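Just the one chain here, laid out as structure tokens, in the form deposited in one PDB entry.
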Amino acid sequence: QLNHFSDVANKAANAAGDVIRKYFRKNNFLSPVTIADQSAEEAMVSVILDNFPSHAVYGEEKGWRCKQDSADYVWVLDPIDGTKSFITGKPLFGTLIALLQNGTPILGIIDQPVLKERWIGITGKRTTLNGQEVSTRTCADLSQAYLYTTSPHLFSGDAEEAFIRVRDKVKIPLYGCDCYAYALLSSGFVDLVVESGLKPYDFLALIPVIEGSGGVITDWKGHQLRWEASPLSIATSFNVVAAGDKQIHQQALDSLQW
């Protein structure tokens, strides 16, 4: 069963990547990004549900869908995380696939279909990039950490104050690539990622990837980042902090003061 979930997840990613590649970089003059997202989601759902008709699927547009009233297994998908990147021709958006068992992610994929880079996290296994194991790196102190976040403008209210406290303490704050930064963290090239306002379809896949690489990912209070997808779950936004090194993670929590 487990390796069957992985095989189907990879089939889904393969289909999404072909769809996305058809539409990427077509807009130099419904928009291609909306067609691409919808068509990619459909391609993924189709192969998932053909294999697993008792499973549910969750997506931004259609919300929860399941042929039954409830499901033990829920696939939570974002064909294009990083729409602004996609729209502007920057190949650092990603396709995110998560499978949840009883509300907990057991598999996550971050796929960059232009670069042909696929990170796969599976509970029980070390995370891989294109089939090869990866690991986070150690970091001596927050002052030595390379930090990413998507944009300085995606922090509102009290969250902006909190971000700034961490931002001012790191080696350097870098910007602009959505899920891709978490992939880099999982491969040991980035020490910290701090974001505010992520929907569950844009973080659940990250969890197995990062944890299975040796990293840490929580909400800004240090609690488990969780979203139990269900017929009534609300796709609200969460604050995320991921680190390659647990000591860095704690220093970040202490600066956020959330």
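From 1 onward, residues are counted along the sequence shown. Rigid core (definition): largest C-alpha set, two forms, superposition within 1.5 Å.
Here 152 to 160 and 107 to 115 are scored by the root mean square distance of their C-alpha atoms in 4 other deposited structures of this protein, with each structure fitted by the rigid core; the higher score goes to 152 to 160. Between 82 to 90 and 168 to 176, the larger root mean square Cα shift in 4 other deposited structures of this protein, once each structure is superposed on the rigid core, falls on 168 to 176. In at least one third of the other compared structures of this protein with flanking residues present, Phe29 is left unmodelled. Gap check for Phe29 to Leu30: 4 to 9 deposited residues are absent from the model.
In this entry, the higher average B-factor at the C-alpha atoms falls on 39 to 47, of the pair 39 to 47 and 185 to 193. Just going by the entry, 111 to 119 versus 137 to 145 on mean CA temperature factor gives the higher value to 137 to 145. When the Cα B-factors of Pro231, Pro200, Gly215, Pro208 are read from the PDB record, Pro231 comes out highest. Of the residues listed, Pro173, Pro105, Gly124, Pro91, the entry assigns the biggest Cα temperature factor to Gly124. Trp227: CA B factor lies in the highest third for its chain, per the PDB record. Among the modelled residues of its chain, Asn130 has a C-alpha B-factor that falls in the middle third, as given in the PDB entry. Split the chain's modelled residues into thirds by C-alpha temperature factor. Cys66 is in the middle one. Among the modelled residues of its chain, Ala15 has a C-alpha B-factor that falls in the middle third according to the deposited record. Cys177: CA B factor in the highest third of modelled residues in this chain (values from the PDB entry).
Heads up, the form solved in complex with a small molecule isn't pictured, but that's what we're talking about next.
Using a 4.5 angstroms threshold between heavy atoms, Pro105 stays clear of the small molecule in the deposited bound form. In the deposited bound form, the small molecule sits within 4.5 Å of a heavy atom belonging to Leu154. Not displayed here, the small molecule is approached by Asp81 to within 4.5 Å at the level of heavy atoms in the deposited bound form.
At a distance threshold of 4.5 angstroms between non-hydrogen atoms, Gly197 is in contact with the small molecule in the deposited bound form.
The candidate stretches are 146 to 154, 160 to 168, 69 to 77, 115 to 123, and the one lying within 4.5 Å of the small molecule in the deposited bound form by heavy atoms is 146 to 154.
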